Each structure stands twice: as structure tokens, then as C-alpha cells.
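Only one chain is shown below, in C-alpha cells, and it's the form deposited in one PDB entry.
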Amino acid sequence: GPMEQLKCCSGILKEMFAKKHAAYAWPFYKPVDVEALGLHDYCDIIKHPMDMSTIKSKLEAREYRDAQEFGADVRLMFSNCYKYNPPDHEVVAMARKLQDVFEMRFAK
């Protein structure tokens, strides 16, 4: 049931945090720091920031009622990256790789 689906979601996120994917997942681990150099315009562009640690905290607080809700936040995280950065940016390529990891798990 929903309990089982959410346990699967936790396992997917755990894999996304794993050393195996760390070379391309690390930009997504923590909230974007809008005080860091270069990011002063982030909140002009991104209305709903999202990151893996926030998703983890929401799973722990049981905020997601089902897998679709969890997946929406994962996709929001990637979409923010695709919206904020130029398409040839290195972080966009890293997002695409981590999104592939996610989508193949989430589908199955």
C-alpha cells in the first residue's frame, strides 16, 4: 500500500545519495545557497526551490501521501536546474544523469 510505496521512494532517494552517483548527484544534495557568489538571481527565477535533503526530511515527516507526490518534488528539483541554468551548463548534464537514475527506478 502507500506505506510500501513510500518505503520504495526512500530507497530510491537513498540510492541517489549513494557514493556510486556522488560525482554527479552532489549539486542536488542540499538547498541552493542563494547567498553564494553567482546565485543572487536564483530566487528571481526559481519560485519553488527543492533539493534532496528537503525531500528526505519530507519523507521522514510523512508529508508525501504517495509515490506520485514524492516524485513531483524530485522532478521539481530537476526542472529548477533546467530552468535556471543555460542548457550547456555542466550542472545540467549532471542533473540529466541523476534524473535518469531516478526515472528508471521510479518507473520500476
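We call the rigid core the largest set of C-alpha positions that still match within 1.5 Å between the two forms. Throughout, we count residues from 1 along the sequence that is shown. Residues that one form lacks are left out of the comparison.
Note that the form deposited with a partner chain bound isn't included here; everything after this is about it.
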Task: the partner chain in the bound PDB entry: contacted by all of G11, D66 and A72, heavy atom 4.5 Å - done: no
Open item on the list: Is it the case that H89, even though its partner is missing from this view, gets within 4.5 Å of the partner chain in the bound PDB entry, heavy atoms only?
Closed with: yes
Open item on the list: Is it the case that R62, even though its partner is missing from this view, gets within 4.5 Å of the partner chain in the bound PDB entry, heavy atoms only?
Closed with: no
Open item on the list: Is it the case that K30, even though its partner is missing from this view, gets within 4.5 Å of the partner chain in the bound PDB entry, heavy atoms only?
Closed with: yes
TODO: With the two forms aligned on their rigid core, point out which item of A36, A61, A72, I45 shifts its C-alpha by 2 Å or more between this form and the one not shown.
DONE: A36
TODO: Fit on the rigid core and then flag the segments of at least 3 consecutive residues whose Cα positions all differ by 2 Å or more between this form and the one not shown.
DONE: 36-38
